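First, one chain by itself: the form deposited in one PDB entry, in structure tokens.
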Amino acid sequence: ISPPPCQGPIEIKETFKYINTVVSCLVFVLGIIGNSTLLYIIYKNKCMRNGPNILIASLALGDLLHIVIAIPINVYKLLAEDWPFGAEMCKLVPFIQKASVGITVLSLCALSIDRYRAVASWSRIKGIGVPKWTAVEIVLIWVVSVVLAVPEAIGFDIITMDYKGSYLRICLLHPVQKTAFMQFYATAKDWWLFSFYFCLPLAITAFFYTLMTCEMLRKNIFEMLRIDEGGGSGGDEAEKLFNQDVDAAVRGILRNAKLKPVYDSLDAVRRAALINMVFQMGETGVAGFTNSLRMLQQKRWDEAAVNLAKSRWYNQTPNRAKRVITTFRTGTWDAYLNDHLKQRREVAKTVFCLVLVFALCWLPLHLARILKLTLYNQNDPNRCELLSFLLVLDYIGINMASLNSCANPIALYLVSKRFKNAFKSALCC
């Protein structure tokens, strides 16, 4: 017997009973089709199976089992407005949900780490089949996620609510827990979800994504100079010596009064083109392009490109000048685009896409919960208008978190052309 409070939330709960039902059906249809297709695509392709993309298959299977189990039960619960499944199902569904969120966050972390290790080596030789250590990684990811979900199976049980005469059974984390550790988990449930299942995955993925993109940049500027110098060879020793020459060059840029303001203005890609000109003719020579450097600082790419075209540097070496100038105008690596640079652009866009989708889907829920414990008080007479506002955001946050179970296959379709052809070929079959 636990009666509810006032008026405001009742009309909103009824309004969202239809919204949540629509979102649940969309996530179910889009999720069971996208994740099943993605699982088939990853494993059947031998060139993705022997790499870090097998972790995306683990991510897809984790969402897939969450879709088929949690979504239909939650739809039945919303429509019936009562829990009619018994005690066993009241413990299974939260356990399945908690394990799925753990599989998602641990597969995302392992993918960003493996993608960093993949770009940290020259001439890496892939094996045949799933790597043995990646298999241990996936097993451990699922083992840890199940163990961390055991409290949900222990704590959840059915209670009876008294709504001014009407009795309705509710499945929730029981306020009275049997053991001291289990009662502590009831108080720190939301903080534990925010710390381990949001702050930890974001901190690790963004850290290794930064390391991966920095390493991609030092290799792109490496191949950029070797292409412009006619050719060369890669390797850790060759890159280490080349990075020292680049670091010594930028130290001369930052001491030069003419090149310091324009270099700080440019982005990482356009800074590589300025470094290229320094490698070719020295800093005293690059500082002579006073008009062009001013236009680059004012971010007039077309005007600076035209002004650089009418120069002795352009006439003597047209081919190299056109590529360096194109890099200034576009700000991309299109003039030096090869199989290596195109591979790194594909990797960087997919990893950044999955992490961003995960962060945007779970940000409203946690943001709505911090507003509940920093702005709400039971005493205040004006709580029902404020409670009315807080419940809307929490419902929005619950729906946004459910969309993450179907957003990953769609996200890869729009960002990656490699997966887009794989999705079309799979559904054309």
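Numbering starts at 1 and runs along the sequence shown. If you superpose the two forms and keep the largest set of C-alpha atoms that fall within 1.5 Å, you have the rigid core. Shifts are known only where both forms have a C-alpha.
- 108 to 116 and 301 to 309 differ in mean CA B-factor, and the higher of the two is recorded for 301 to 309.
- As recorded in the PDB entry, 5 to 13 is the stretch of 5 to 13 and 412 to 420 with the greater mean C-alpha temperature factor.
- Of the candidates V29, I398, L55, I370, the deposited coordinates give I370 the top C-alpha B factor.
- The top Cα temperature factor in the record, among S195, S100, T210, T284, falls on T284.
- Compared with the other modelled residues of the chain, the Cα B-factor recorded for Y167 ranks in the middle third.
- Ranked against the other modelled residues of its chain, the C-alpha B-factor of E88 as given in the entry falls in the highest third.
- For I67, the recorded CA temperature factor ranks within the middle third of the chain's modelled residues.
- Split the chain's modelled residues into thirds by C-alpha temperature factor. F358 is in the lowest one.
- Remark: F279 belongs to the lowest third of its chain, ranked by C-alpha B-factor as recorded.
A second form of this protein, the form deposited with a small molecule bound, is not displayed here; the remarks below concern that form.
- Exactly one listed residue, out of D228, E152, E239, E215, brings a non-hydrogen atom to within 4.5 Å of the small molecule in the deposited complex: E152.
- None of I32, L387, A57, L365 but one reaches within 4.5 angstroms of the small molecule in the deposited complex through a heavy atom, and that residue is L365.
- The stretch from 268 to 276, 309 to 317, 230 to 238, 96 to 104 that comes within 4.5 Å of the small molecule in the deposited complex, counting heavy atoms only, is 96 to 104.
- The three marked residues, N74, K77 and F156, each reach the small molecule in the deposited complex, with a heavy atom inside 4.5 Å.
- At least one heavy atom of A70 is located within 4.5 Å of the small molecule in the deposited complex.
- Although the partner is absent from this view, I398 contacts the small molecule in the deposited complex, with a non-hydrogen atom inside 4.5 angstroms.
- Taking the partner from elsewhere, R369 is found to have a heavy atom lying within 4.5 Å of the small molecule in the deposited complex.
- Remark: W83 counts among the residues lining the small molecule in the deposited complex, judged by a heavy atom distance of 4.5 Å or less.
- In a core superposition between this form and the one not shown, the Cα of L375 is the only one among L360, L375, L65, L393 shifting by 2 Å or more.
- In sequence order, the one region between this form and the one not shown where at least three consecutive C-alphas each move 2 angstroms or more after rigid core superposition is 373 to 375.
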